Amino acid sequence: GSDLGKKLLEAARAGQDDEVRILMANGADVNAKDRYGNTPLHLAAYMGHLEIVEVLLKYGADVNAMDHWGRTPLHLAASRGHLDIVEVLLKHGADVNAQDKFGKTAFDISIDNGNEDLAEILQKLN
């Protein structure tokens, strides 16, 4: 016996954007958390799923949700070079200063992973 939250997480993990849209509409819990502390927003942000990122936020996903390592969606987008995703997160109130367990901000992670264009976007906001 599963629930809408767990299904949402699975759909997010598998990149099934259509499935996500359905679950959202049937009222799935936007802030469900997997065993690592990832919300569906974490997974879409890491995966590069821009449209779903917008869907989740529309449905009120927590923009600054932190995982078990203190990583926010912003940290995950930054590690993967998803610039557009970064702008959308930022436009929705992402905190540029959140530090993960290692002290790193999104800025540092973006530098670490060679993502200079989104680095610049963040640099403006430090």
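Heads up: residue numbers just count along the shown sequence, starting at 1.
For the pair 53-61 and 67-75, the mean B factor over Cα atoms is greater in 53-61. When the C-alpha B-factors of 36-44 and 22-30 are averaged, 22-30 comes out higher. Among the modelled residues of its chain, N113 has a C-alpha B-factor that falls in the highest third according to the deposited record.
Sort the chain's modelled residues by C-alpha temperature factor and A98 lands in the highest third, per the entry. In the PDB entry, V88 places in the highest third of its chain by CA B-factor. Remark: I121 belongs to the middle third of its chain, ranked by C-alpha B-factor as recorded.
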